[PDB]
């Protein structure tokens, strides 16, 4: 799905935002789909850790990025996961579909904040509130962006009104105040 234009643009914005501070020491990617984005991010991270509830998704994404030796993978979700070294970039571009209510949502967000380095950046993207609403995911971009703003400083956003009904989404970039 390289040459479908919408995904092309979304990946480019995600990367642009992720890149804005120069190279990342220690990055976290949350959810990894087929490894398309990990492949673009790995080269700009001194260390990259990728977390994904779905093991078979990891078997696959790992193939894709075999060439780099500074990536590691965890079969776990953002509620259950925790690190010992903070992250200067957390990317969360995947609908956290496994989040069943606002309390899971609120908790997931706290964990992300707990793992941001100082002046670390959190880049978020997802289908807006109403596409997610359409699919049983409780909430999406605007609700998450309201909660993230409580803890973090929004630096920038971009909106990706692509093609179909599904293809319309919002990305925002937050700084963790030092």
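Residue numbers count along the first chain shown, from 1.
In this entry, the higher average B-factor at the C-alpha atoms falls on 149-157, of the pair 65-73 and 149-157.
On average the C-alpha atoms of 52-60 have higher B-factors than those of the other stretch, with 52-60 and 24-32 being the two compared. Per the deposited record, the Cα B-factor of residue 129 falls in the highest third when ranked against the other modelled residues of its chain. In the deposited entry, the Cα temperature factor of residue 98 places it in the highest third of its chain's modelled residues.
Among the modelled residues of its chain, residue 138 has a C-alpha B-factor that falls in the highest third according to the deposited record. Among all modelled residues in this chain, the alpha-carbon of residue 113 has a temperature factor (C-alpha) in the middle third.
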